[PDB]
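S.K.: what's the 3D shape of this:
(chains A, B, C, D, E, F and G)
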Amino acid sequence: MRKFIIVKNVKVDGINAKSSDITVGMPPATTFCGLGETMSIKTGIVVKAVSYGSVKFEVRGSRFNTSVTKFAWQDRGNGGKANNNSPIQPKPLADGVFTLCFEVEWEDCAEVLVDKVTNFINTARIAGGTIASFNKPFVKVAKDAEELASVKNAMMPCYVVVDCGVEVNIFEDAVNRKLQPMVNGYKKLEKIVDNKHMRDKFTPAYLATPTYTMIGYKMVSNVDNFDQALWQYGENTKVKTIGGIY
Amino acid sequence: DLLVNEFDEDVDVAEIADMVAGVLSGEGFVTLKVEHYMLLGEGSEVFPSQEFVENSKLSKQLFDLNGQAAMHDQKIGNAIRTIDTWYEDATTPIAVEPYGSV
Amino acid sequence: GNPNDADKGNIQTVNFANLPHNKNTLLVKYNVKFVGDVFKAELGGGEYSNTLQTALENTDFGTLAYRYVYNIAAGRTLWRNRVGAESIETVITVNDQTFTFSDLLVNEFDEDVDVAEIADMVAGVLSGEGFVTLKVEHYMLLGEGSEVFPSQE
Amino acid sequence: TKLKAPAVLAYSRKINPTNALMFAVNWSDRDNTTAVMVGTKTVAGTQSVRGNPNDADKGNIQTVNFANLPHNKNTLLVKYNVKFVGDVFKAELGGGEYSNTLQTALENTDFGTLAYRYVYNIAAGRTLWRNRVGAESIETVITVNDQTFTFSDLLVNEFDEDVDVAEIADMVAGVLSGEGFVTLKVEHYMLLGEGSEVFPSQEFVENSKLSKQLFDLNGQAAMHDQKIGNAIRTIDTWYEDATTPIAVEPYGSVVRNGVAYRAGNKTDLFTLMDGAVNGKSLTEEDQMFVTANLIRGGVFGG
Amino acid sequence: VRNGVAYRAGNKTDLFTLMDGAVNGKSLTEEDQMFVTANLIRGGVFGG
Amino acid sequence: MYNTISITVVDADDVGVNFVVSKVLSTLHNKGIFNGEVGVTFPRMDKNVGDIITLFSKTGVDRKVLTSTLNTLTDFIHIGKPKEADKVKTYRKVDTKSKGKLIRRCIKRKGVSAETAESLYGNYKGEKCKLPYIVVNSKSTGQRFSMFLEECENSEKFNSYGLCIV
RNA sequence: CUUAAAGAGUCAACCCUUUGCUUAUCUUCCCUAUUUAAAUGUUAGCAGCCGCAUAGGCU
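M.R.: Numbers count the residues shown, from 1 in each chain, chains lettered A, B, ... in the order given. Below is the structure:
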């Protein structure tokens, strides 16, 4: 018996927009699907799928150039090189109002799930962002598509994200169809021989390259299937959709 | 009314100091919603944060939320960060930087 | 079919006209101007109204004038003030000869000489030229302070 | 088969009461009619409306209308006319083939009891819908076609049996079935008191002018013609409870209580009438309701 | 308007038929002719 | 011991029931009874009482008095039977005034020269109107002014409208 | 367990000088607003002071 928990109108601030060197703005679906593993490890509630919209979104900067804060001098080897401003490499940030849906199985009363996601919101960060204000979470129960439409009518207004798929490759598809790409998976390239520079020192580490896909921004009152809008872990080191390609 | 340059002890601020020092000493979270009110004058000029941009149309651009004036969050965090009066020949508080350079 | 809200009240303000309770007879005053040259078109013409003129040269204007001032004479010109009337006396002043009509039938067109005396000259106007202005007064016994029905808006 | 009522169907009113005029007379001397006037007098100070902290202290000058008899007269006169109009079944909008089956379905209707109830509502003084309260005796005089009849005291709800009411009934039912019309002038004398309280029909106030203004005719107190016509038709004793007389109405709805006595239980006029039209049987209880509602007229269509 | 049914329309006796026929040249009785002049004396708009 | 009787207002939907009760109370106010005698009781004070008014008449109940004072209103009033019971209660009228009423109270005495001491009370007092039971009644001296009612305790001193103090 | 980890974008400004909207013009003909309503609910404190009035009384 599946359960849905909803984070509505969460104000994210300081979220770095650089999903890749070629996609900037929204963080990839790896971020919001790893949020589920973050509450699966930090809290313990098993999250199987995730979906997200956007009440508002804006990347910090002007119309053709969005850009980056003056960097600090937080490196060793720059002793006399501190009076100058910074070495500045691009890292644009954003701010947005989001809606989040998590697929969880609880097998317990709903008065614990709300507090157990509330105290996790206050300690986690949304891709480097800072939560300012967020509505109180509530638990939704749906057993069919008719009761899943009750979940559909309550996110009004938002702009949800559905998969769209690539025709041949990235920028060609971005041109002729005028759609939006974003990263949906990672391809292993080479294994680092030494683990003394890792943050875990036990798990083997491989270099990765971002694999992209096309999506669609849709009105939440006009989507046929929510499972077309949910996202989850895939294979290998990829994400996908329950409902497949729209 | 508080003096920004000089850190003066008073009883109203020490309770917030202890209530965030308890979270700082151990583990947890504490969130404070802060509002500021200023009598500036009838139709005065305000100063939001300016963006880092080489914008071809706007020379000096102020930060916006769909047109509403707004500051940067790290602009705020720089001022909360600004505590350092422990460097040599200290006269004014500066931001916490590992080389003590603003 | 609105049963559900039968209870629901309906409050509005309406206009009303009533005879004052010192008098008991309704007088309706008007004028009728039968204007001659009845076949010319204000817009359009000729070559379509002229063949209508030569097609309607032999019309029976006496019968139409009889019906036209009988609708005056029968007192059909009110449609609701006749409801509950003892007697509807209608007097006509045309070129200083006053005629009076006490009781005439409404739907069946009667045969009398008082209405026909108006009709024989009115058909002369509506067959030829000029005009005739005839002032009509209706005196009706509805009742003391009775209810009267003008045109709504 | 199974034909339908027309969407636009209206029936002209067969009962025309004039809007009554109020006068101040004596019991010893009936003739000297002194007109009861209205008076706009100030009531200021009443307040405490919703969500009002400091604004519920305003003294609103509201010259509301009061009405009193002058202190030299001690009798209220209510003067009006009732015009019962014959040819009581014809439809001004709509027809035929739906009112003609109503002719062949309601040809055998008992107009005598309806007429006697209509004139007994006069005889009881029902019309005065307040002025009766605080009255020692309500003398009702009806002059019709030069024979004046008087009524000293009669019950208002339980319909009595007498011959003075039945005499007017026998010639009103002849009108209200055949044709023509009959106009009867009606005067009501009641002892209310020396300079008593008199209650005409009230009115809708504007946006902000007063609180309660009355109904006036050249600065003289008067009650509404439909206020008389409402208590004319207080005949509905045939719904399946509550034997008090009710105004006859297609839903049996009074607004002072807010409950409809013919709605929801199939006894709404429309059905009775339409079923009658098609060809179901009727009793004397329900057919009399159709013709009593049809005397009043209104809109029956949609 | 009140009964909601037309009496001369529906049976091609609407004015516009019998003045066009009289203009074109077909014969008329006294019943139909006096309809045309009884309506012409009323006046209106006859065109479209 | 009270030995209460009851009075009803039968079939007053078209005229307003508590209006007939107001007329009944006004007619017994100015004629004969209710000049300091034993009292009366409205037993159902919850949202516009309506029908039943109980008069106990501890010093005997007279059948002829109930008809000699209500002979004018026989069409609406049905006379109840005596009941051997001591359970009913007596109530009091409270009095509320408007702002201008206390303005005239302080203009009558305690000293105003022309307007200056009037202006010191020109600020509002705070006396509003609440709404438990405000029942209309005719007045020979006033102008049909409606009594504010409230529930109180036994006092054994009664007036033409309500309770007294002693 | 998030392209995780993190950063002051600050400042200054004279837009302004000048202007002919002119010339005419047929809205126009014809019409059934209508039929019936409970103003419910005023069941709302006034000439008043016996009254420190914001506690309790009387016509």
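
S.K.: tell me the secondary structure for residue A:38?
M.R.: Per DSSP: H, G, I helix; E, B strand; the rest coil, the local secondary structure of residue A:38 is helix.

S.K.: for residue A:198, grab the count of nearby residues.
M.R.: Residues contacting residue A:198 under the criterion other C-beta atoms under 10 Å in any protein chain shown number 12. All C-beta spots, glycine's among them, are computed from the backbone N, C-alpha and C.

S.K.: residue contacts, it?
M.R.: A:192, A:205 (C-beta atoms under 8 Å, 6 or more residues apart in numbering or on different chains).

S.K.: pull out the buried positions in stretch B:40-48.
M.R.: residue B:48 (16 or more other C-beta atoms under 10 Å in any protein chain shown).

S.K.: do it and chain A come into contact?
M.R.: No - using C-beta under 8 Å from any C-beta of the partner chain, stretch B:40-48 never reaches chain A; the gap is at least 12.2 Å.

S.K.: for that stretch, measure first residue to last.
M.R.: Distance across stretch B:40-48, first residue to last, is 15 Å (C-alpha to C-alpha, to the nearest Å).

S.K.: what about residue A:184, neighbour count?
M.R.: Neighbours of residue A:184 (other C-beta under 10 Å): 24.

S.K.: that one: which element?
M.R.: In the assignment (DSSP states H and E), residue A:184 maps to strand A:180-191.

S.K.: which strands or helices does that strand pack on?
M.R.: helix A:29-42, helix A:170-176, strand A:206-219, strand A:239-241 (3 or more C-beta pairs under 8 Å, 6 or more residues apart in numbering or on different chains; DSSP states H and E).

S.K.: rerun at 6 Å
M.R.: strand A:206-219 (3 or more C-beta pairs under 6 Å, 6 or more residues apart in numbering or on different chains; DSSP states H and E).

S.K.: what is the strand it packs on packed up against?
M.R.: Judged by 3+ C-beta pairs under 6 Å, 6+ apart, strand A:206-219 is in contact with strand A:159-163, strand A:180-191.

S.K.: what angle do that strand and strand A:159-163 make?
M.R.: For strand A:206-219 against strand A:159-163, the angle by axes from the mean of the first three to the mean of the last three C-alpha atoms, to 10 degrees is 130 degrees.

S.K.: relative to the centre of chain A, find the outermost residue for me.
M.R.: residue A:80 (39.7 Å; C-alpha atoms, centre = their mean).

S.K.: measure it to chain B for me?
M.R.: Distance, residue A:80 to chain B, using C-beta to the nearest C-beta, to the nearest Å: 9 Å.

S.K.: now that residue. Its backbone dihedrals?
M.R.: phi -90, psi -10 (degrees, to the nearest 10).

S.K.: deepest-packed of the helices and strands packed on strand A:206-219, please.
M.R.: Among these, strand A:159-163 has the highest mean neighbour count (mean count of other C-beta atoms under 10 Å in any protein chain shown), at a mean of 21.

S.K.: how far does that strand sit from the chain's center?
M.R.: Distance of strand A:159-163 from the chain centroid (C-alpha atoms, centre = their mean, to the nearest Å) equals 12 Å.

S.K.: run through who's touching that strand.
M.R.: A:53-54, A:215-218, A:220, A:228-229, A:241, A:245-246 (C-beta atoms under 6 Å, 6 or more residues apart in numbering or on different chains).

S.K.: following element in sequence after the host helix or strand of residue B:22, please.
M.R.: Taking DSSP H and E as the definition, one finds residue B:22 inside helix B:11-25. Next helix or strand after helix B:11-25 toward the C-terminus (DSSP H and E): strand B:64-65.

S.K.: is whichever helix or strand comes after that following strand in proximity to chain A?
M.R.: Note on strand B:64-65: by DSSP H and E, the next helix or strand toward the C-terminus is strand B:68-69. No - figure legend: strand B:68-69 not in contact with chain A (C-beta under 6 Å from any C-beta of the partner chain); closest approach 10.9 Å.

S.K.: can you tell me the element the spatially closest residue to residue A:55 that is not a sequence neighbour falls in?
M.R.: In this structure, residue A:55 finds its nearest non-sequential neighbour in residue A:97, 3.9 Å apart by C-beta to C-beta, 6 or more residues apart in numbering or on different chains. Element membership of residue A:97 [criterion: DSSP H and E] is strand A:93-104.

S.K.: packing partners for that strand?
M.R.: strand A:3-16, strand A:47-52, strand A:56-59.
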